[PDB]
Amino acid sequence: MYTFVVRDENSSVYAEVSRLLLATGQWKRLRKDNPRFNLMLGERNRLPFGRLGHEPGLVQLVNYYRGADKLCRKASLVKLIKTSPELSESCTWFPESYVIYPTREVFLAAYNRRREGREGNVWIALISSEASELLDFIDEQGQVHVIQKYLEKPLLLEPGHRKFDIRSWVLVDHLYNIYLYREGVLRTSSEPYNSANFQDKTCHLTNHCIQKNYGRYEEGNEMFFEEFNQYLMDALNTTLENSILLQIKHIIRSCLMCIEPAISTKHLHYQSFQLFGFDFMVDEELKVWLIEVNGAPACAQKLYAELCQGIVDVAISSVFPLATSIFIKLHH
Amino acid sequence: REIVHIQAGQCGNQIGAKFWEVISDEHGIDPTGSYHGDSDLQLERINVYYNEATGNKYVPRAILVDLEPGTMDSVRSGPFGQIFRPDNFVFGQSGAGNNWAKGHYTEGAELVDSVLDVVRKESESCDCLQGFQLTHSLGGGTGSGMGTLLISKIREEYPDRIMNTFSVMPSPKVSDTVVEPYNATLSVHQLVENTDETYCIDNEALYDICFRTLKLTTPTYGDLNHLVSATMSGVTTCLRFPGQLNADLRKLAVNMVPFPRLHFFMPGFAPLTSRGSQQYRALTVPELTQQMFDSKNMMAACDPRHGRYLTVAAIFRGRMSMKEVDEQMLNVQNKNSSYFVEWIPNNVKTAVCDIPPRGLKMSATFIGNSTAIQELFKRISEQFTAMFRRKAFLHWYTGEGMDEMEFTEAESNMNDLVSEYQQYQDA
Amino acid sequence: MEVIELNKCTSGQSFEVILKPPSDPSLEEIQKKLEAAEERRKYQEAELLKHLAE
Amino acid sequence: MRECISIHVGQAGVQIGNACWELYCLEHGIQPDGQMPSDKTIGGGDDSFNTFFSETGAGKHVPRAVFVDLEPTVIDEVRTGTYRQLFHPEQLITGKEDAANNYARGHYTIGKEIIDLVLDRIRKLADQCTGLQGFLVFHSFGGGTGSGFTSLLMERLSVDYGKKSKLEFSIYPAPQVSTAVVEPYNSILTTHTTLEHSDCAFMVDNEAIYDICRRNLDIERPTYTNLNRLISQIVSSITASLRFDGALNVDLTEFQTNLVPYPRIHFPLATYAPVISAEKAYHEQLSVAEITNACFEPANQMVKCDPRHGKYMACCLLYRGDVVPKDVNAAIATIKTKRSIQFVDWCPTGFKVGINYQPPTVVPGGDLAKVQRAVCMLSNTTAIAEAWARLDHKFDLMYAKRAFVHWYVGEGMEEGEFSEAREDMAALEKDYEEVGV
Ligand SMILES: Nc1nc2c(ncn2[C@@H]2O[C@H](COP(=O)(O)OP(=O)(O)OP(=O)(O)O)[C@@H](O)[C@H]2O)c(=O)[nH]1
Ligand SMILES: Nc1ncnc2c1ncn2[C@@H]1O[C@H](COP(=O)(O)OP(=O)(O)CP(=O)(O)O)[C@@H](O)[C@H]1O
Ligand SMILES: Nc1nc2c(ncn2[C@@H]2O[C@H](COP(=O)(O)OP(=O)(O)O)[C@@H](O)[C@H]2O)c(=O)[nH]1
Ligand SMILES: CNc1nc(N2CCCc3cc(OC)ccc32)c2cc(F)ccc2n1
Ligand SMILES: [Ca+2]
Ligand SMILES: [Mg+2]
Ligand SMILES: [Mg+2]
């Protein structure tokens, strides 16, 4: 009987994971600060990685990757893509990005190049068109912000002329296998998109929450993969796999392969897995873009059962065994 | 590091004598005091417990004390009677009548200085005295009342030496007289204040173990004392034999006792064996471990699942895998880590000695400081007030000088001790 | 990758290698503390010998 | 030439000291009687091995060592061991009653009764020293002697030798070999009281040595002899520059210079490869690059942490055996690409390297195989603060109930030195975390 502790009570995902584990009859749950645990479903900030893998006769496994924040932090994610030769400035799936602190680095020199052809000069943090409009917005918060080329011509679903993003859930295991969940989610905007009034950011910001019209064309402003792929076939004469999913699988593989040397727990005394949520943006040319990597990601209600049961099969029972698949192994 | 042993009264001297029989066998000393053994491990720490005489003979560092000559004559008759130094038989004649007051205040007072003289003689011989161990019951009158008088006086002369006792707790299942809860509560008050370490040998446990597990239908003191020698040999292995630990009484107290009053230890033994009949399969290291942590193997009738282990010390004897001993010991904690305080990290330590005890190829002695020992004091406190609320049998004590007040104080110090043990069973 | 100050000799050799540049109490105070503790001991012992005397 | 006096304290210190001095003797060709046929300068010399040995008119070579235990068991085996003749009896100091795993009993109670006797025998060696450099002090964090007498000694040495350097080899406490449940109290108490008296400290976590002995030596349950012989290999690597012709780390002052920029942060991580079993019948000798790459595997560190999540402030590579500079830079080159080696901005990213051509020496019959080349990296990385955090957590868990406090207060100490030593460690953890983000 393996033992596990629970130190992020706010985890929709691992809330399930705890529940499933107990119901196996081979997983008991200790108290937060009991060190004789096999598995730490840890906290989000200041998880004590220094204390793991020091319990003699205890193989310890934790559900986070020390270092993983370099990818899941907007300012750090830009820094990571600019400076790693594995990604380079000639990175064709990340939009232009600069880190500006509040008290322009080479941000101004790019905006000016845009005065040369009067090309689209919409950006984001929040969305403006004048640099002064935006720059005066990061110093009104006081914290580090990052501004990006806004994708002025995105892909709109009809009927609706509507925006959306794609969240892919990726699970990296103790062996650094990269597992993509087959189920994805399009988080769709019920408000028809238009590029005249940015300040009316309800058809521009596609967050399920910020959509406090909620539920018109598809339930919960969420379109799963079977539906989207159908529309793609009918509307565009293509498939989700070809037009979009390849590039996503390329981006996921490339991102995680970059940081592998910094975060791998191959020869380490404790081991990590971690579930990531990857957030993409498909433009009108059927091009996939990486927006944000989320290290503490929530799943869509319908898929919780399946995803959390797969975390246990692939990331947890792999290490602590007991008495086809829902993931796509991204190969390397 | 010499130890000075003292046995007081009926019970104290009968288990005292078995101990010397049992360990004299292990150290290869015979009744004549002459060593006739195979290994040298047997002689390396022989001075901890034995003085070396001329003719290269070995004389136990043991003081024998009683208020009656009865048992003490018995001991001199018994198999190892002649090993004991004759000047160390210090006795009166009037007896103590199973009366704590007669032992502590009247009859015992007459004889105690005579005892303190033999003690001092033995202490002077000693290159570095670790301290003292005493054997006594808490339910009679000599070992109980005088026993704790000696302890109070020894602490005055040697305030920085360690005081270790083996204290047999009274039980209705094995009781000489109704006043044993009075004698035990007055003694426990003393023990809480003046000993570093006491091993709570419960006559209730020794009975249940003799009856249920060893299937003895009508257990004698000799069957109970067998169980007591086995434990006494186990919890002193690390003192009498060389190891990786090099253990002694003070280090034991430092590591076992987080708080000074909580020094009452649950002993345990595996495998439980009945006298004479030898069974022939050695145990697997996995069996020693599960058995030694079994409540059925505890010598203090407490459920360890009703409390939390503050600290644990386990001692394995025989030829076995220290690797397996390691895995089995880590295994029991990580499986039942609930029952060990989280706020004392790594509170379970283990030791191994190559030599097994006579007649076993593999054995495990267990020393627990569990907060469940309160169950024991609660039991004795209930019996005590069942009588005291009616001042029953008190005249036996008032007649020797004692005051009702002294009884209220002792009772109250004990109920306090139970409160203290409860404070940490929750922490 | 710049090697520098290479010193050789019969036993071996040493050198440095850059990949990139930058970007007490008194004896008497001891005697005090150490003697305060011994007093603190002798008090605690006397309180015990006073309680025993009672 | 400048001399170095080794002081070994408590059980851990003394047993490791035997380990090392035996190795030193095999490496310098000195015999158990203290005779060194190779020395032609009889009864003297300012050779570099004379930093650790004086010579006698009769041509004996005698460790500038002193051993001190509050209890006779352990030093008595030095007194009756293969190297009895080695030491002068005055060098072996013995109590009668030990500190009982009690920091305060060894510092205050029993400490105060032997501190003067010890310092005199220490002064008897300092008086045979033309230009004394300072002290190498070997001890456990965990024992009562180990922790409590060492800090009283460290304080005085700061007073009677304010100009000489003090280095520490400190056994950090691990439950697999541990001998006491209060070892986290003694660790903090002694680190707080010794911190400003030690110029450079090498922590060795018994947990790490134990796992190397099992993984790489195929030793089921390592003994102290297993652990200590491997530990003295590392110690030899770290001291060989004081006992051998060289230009890197020639004096105890160079260790602070090359490894310790900020004074408090003076705990350089040690990593050592390769550890090869003497039982392995067929072994493939490892290259300069294989062993230099091994220095960045945690499973080879003296303390298990993750240097990737930390910043370096300094870094030496000590090679022993068939090594040339070119192979080192080639190995360095390809390692700097594939690894996460981040220096603090205000420190040159770089490597002070030292090579000694005499390959590593292994005691006949030990557990280590001989090897053509070996290396010991000394890196001052902030990742070692992980070890401070672990100890400090165990300390917080126990002290919040004040469990066992009374054993200490009962020896003269004040509940307050507990929160003072622990606040200091609160400082230390914070210095490390600034320096490394
Ligand atoms: N590596 C190594 N560690 C040791 C050795 N001996 C003891 N230790 C460690 O030291 C810690 C305890 O310190 P000790 O040196 O044994 O205690 P002490 O210095 O003799 O002080 P006392 O309490 O008086 O005995 C334990 O946790 C052991 O793991 C040794 O020979 N080698
Ligand atoms: N470069 C860009 N061009 C166009 N639209 C963009 C864009 N970058 C982001 N967006 C859209 O605007 C939203 C900006 O908000 P943001 O991405 O920060 O919320 P978020 O993704 O952090 C919420 P969560 O953390 O739950 O995923 C994105 O979700 C996406 O809908
Ligand atoms: N286990 C055990 N208990 C005993 C023995 N003899 C007496 N007792 C217990 O001790 C109590 C009597 O105290 P006792 O020592 O005989 O009186 P004393 O001679 O005045 O000290 C009773 O409750 C008995 O159960 C013995 O040989 N073995
Ligand atoms: C003299 N009796 C004695 N002492 C022991 N010690 C002393 C030395 C450190 C120590 C630390 C402890 O932490 C909980 C417990 C106990 C002990 C001991 C330890 C054993 F694992 C088994 C038997 C023992 N027996
Ligand atoms: Ca010479
Ligand atoms: Mg009787
Ligand atoms: Mg010692």
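All Cβ positions, even for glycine, are placed from backbone atoms using ideal geometry, and neighbour counts span all protein chains on display. Rule-based calculations on the coordinates, nothing more; no lab input.
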- [ ] May I ask you to derive the relative contact order of the range B:259-372, considering only C-alpha pairs under 8 Å and at least 6 residues apart, and to give it as an integer percent?
- [x] 44 percent
Task: Cα-derived Rg to Rh of chain D, Kirkwood definition - done: 0.95
Open item on the list: If I take the Cα coordinates of the range B:373-427 and project them onto the principal axes, what are the three extents in Å, biggest first?
Closed with: 44, 17, 15
Task: Alpha carbon convex hull of chain A, volume per residue in cubic angstrom - done: 159 Å³
Open item on the list: Give me the one-decimal Kirkwood hydrodynamic radius in Å for the range A:1-147, with the sum taken over alpha-carbon pairs.
Closed with: 19.1 Å
Open item on the list: Inside 10 Å of the C-beta atoms of D:350-361, what's the mean count of C-beta atoms belonging to other chains?
Closed with: 4
Task: Whole-angstrom Cα spans of the protein assembly as shown along principal axes, big to small - done: 119, 86, 59
Open item on the list: For the range B:76-125, take N as its residue count and report Rg(C-alpha) divided by 2.2 N^0.38 Å.
Closed with: 1.35
Open item on the list: Greater than 30 Å separation of Cα atoms is the criterion. Which listed pairs, B:251/C:42; A:32/A:79; B:18/B:349, meet it?
Closed with: A:32/A:79
Task: Whichever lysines have a C-alpha closer than 18 Å to that of residue A:28, once near sequence neighbours (fewer than 8 apart) are set aside - done: B:335
- [ ] Starting at the first residue of the range B:364-380, write each ³J(HN,Hα) from the Karplus equation 6.51 cos²θ - 1.76 cosθ + 1.60 with θ = phi - 60°, in whole Hz, x for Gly and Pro.
- [x] 9, 9, 9, 10, x, 9, 9, 5, 7, 3, 4, 3, 5, 5, 4, 4, 5
Task: Low-density loop positions, trypsin sites (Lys or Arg not before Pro), the range D:121-212 - DSSP coil, at most 10 other Cβ in 10 Å - done: D:163
TODO: Determine, for the range D:269-383, the count of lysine pairs separated by eight or more sequence positions (or lying on different chains) whose alpha-carbon distance falls under 17 Å.
DONE: 7
- [ ] Would you mind giving the mean number of other chain beta-carbons within 10 Å of the Cβ of each residue in A:30-39, as a whole number?
- [x] 4
Task: Positive-pole candidate from B:214, A:298, D:195, dipole of the protein assembly as shown, charges at beta carbon - done: A:298
TODO: Would you kindly give the portion of the calculated P(r) for the range A:174-332 that falls above 28 Å, as a percent of all Cα pairs?
DONE: 29 percent
Open item on the list: Antiparallel versus total DSSP beta bridges in chain D: what percent is that, nearest 5?
Closed with: 35 percent
Task: Those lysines that a straight Cα-Cα span of less than 27 Å connects to residue B:391, excepting residues fewer than 8 apart in one chain - done: B:102, B:173, B:378
Task: Long-range amide H partners of residue A:178 with built H, under 5 Å - done: A:330
Open item on the list: Taking 8 Å as the Cα distance limit and 6 or more residues as the minimum spacing, I'd like the relative contact order of the range A:2-62 as a percentage.
Closed with: 42 percent
Task: Equivalent ellipsoid semi-axes, the range D:384-437, via Cα gyration tensor eigenvalues times 5, rooted, Å - done: 25, 12, 7
TODO: With only alpha-carbon atoms counted, please give the Rg and Dmax of the range A:2-62, in Å.
DONE: 11.2, 31
Task: Packing-based order for B:196-208, B:79-91, D:105-117, using average beta carbon neighbours within 10 Å, highest first - done: B:196-208, D:105-117, B:79-91
Task: Of every Cα-Cα pair in the range B:1-82, the percent that sits beyond 16 Å - done: 50 percent
Task: Counting DSSP beta bridges with both ends in the protein assembly as shown, the antiparallel % (nearest 5) - done: 55 percent
Open item on the list: Over the Cα atoms of the range D:106-203, each weighted equally, I'd like the Debye log10 I(q)/I(0) at q = 0.10, 0.18, 0.21, 0.24 Å⁻¹, rounded to two decimals.
Closed with: -0.27, -0.82, -1.06, -1.29
Task: For C:43-50, mean number of other protein chain Cβ atoms within 10 Å - done: 2
Task: Packing-based exposure ordering (other Cβ within 10 Å, fewest first) of A:258, D:213, B:302 - done: A:258, D:213, B:302
Open item on the list: Report the Cα-based extents of the range B:304-352 along its three principal axes, largest first, to the nearest Å.
Closed with: 33, 19, 17
- [ ] Calculate one ³J(HN,Hα) per residue across the range B:251-265 by plugging θ = phi - 60° into the Karplus curve 6.51 cos²θ - 1.76 cosθ + 1.60, and present them in order as whole Hz with x for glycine and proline.
- [x] 4, 4, 5, 3, 7, 7, 10, x, 10, x, 6, 8, 10, 10, 9
Task: Contact order normalised by residue count of chain B, Cα under 8 Å, 6+ apart, percent - done: 16 percent
Task: Residue-wise HN-Hα coupling along the range B:222-229, computed from phi with Karplus coefficients 6.51, -1.76, 1.60 (Hz; x: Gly, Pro) - done: x, 6, 4, 6, 3, 4, 7, 4
TODO: Could I have the simple spin-label model distance between residue B:47 and residue A:79, label points 7 Å from Cα toward Cβ, reported in nm to one decimal?
DONE: 6.6 nm
Task: Residue (of D:419, A:129, C:51) at the positive-pole extreme of the protein assembly as shown, dipole from beta-carbon charges - done: A:129
Task: Evaluated over the range B:259-372, the Cα radius of gyration and Dmax, each in Å - done: 14.1, 44
Task: Compactness of the range D:39-148 - radius of gyration and Dmax, Cα, Å - done: 15.6, 48
Task: Computed log₁₀ I(q)/I(0) - Debye formula, equal Cα scatterers, no solvent, the range B:158-269, q 0.17 Å⁻¹ - done: -0.93
Task: Reachable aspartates and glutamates from residue A:249, criterion Cα separation under 14 angstrom, eight or more residues apart if same chain - done: A:183, A:241, A:279
Open item on the list: I'd like the antiparallel share, as a percent to the nearest 5, of DSSP beta bridges with both residues in the range B:259-372.
Closed with: 70 percent
Open item on the list: As a footprinting exposure proxy, order D:8, A:331 by other Cβ within 10 Å, with the fewest listed first.
Closed with: A:331, D:8
TODO: Rounded to whole Å and ordered largest first, report the semi-axes of the equivalent ellipsoid of the range D:269-383 derived from its Cα gyration tensor (root of 5λ).
DONE: 26, 15, 12
Open item on the list: Loop only by DSSP, 12 or fewer other Cβ within 10 Å of the Cβ. Give me the chymotrypsin sites (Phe, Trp or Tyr not before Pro) in the range D:289-358 that pass, ordered by residue number.
Closed with: D:346
Task: Convex hull projection area averaged over all views, chain C, Cα basis, nm² - done: 11.4 nm²
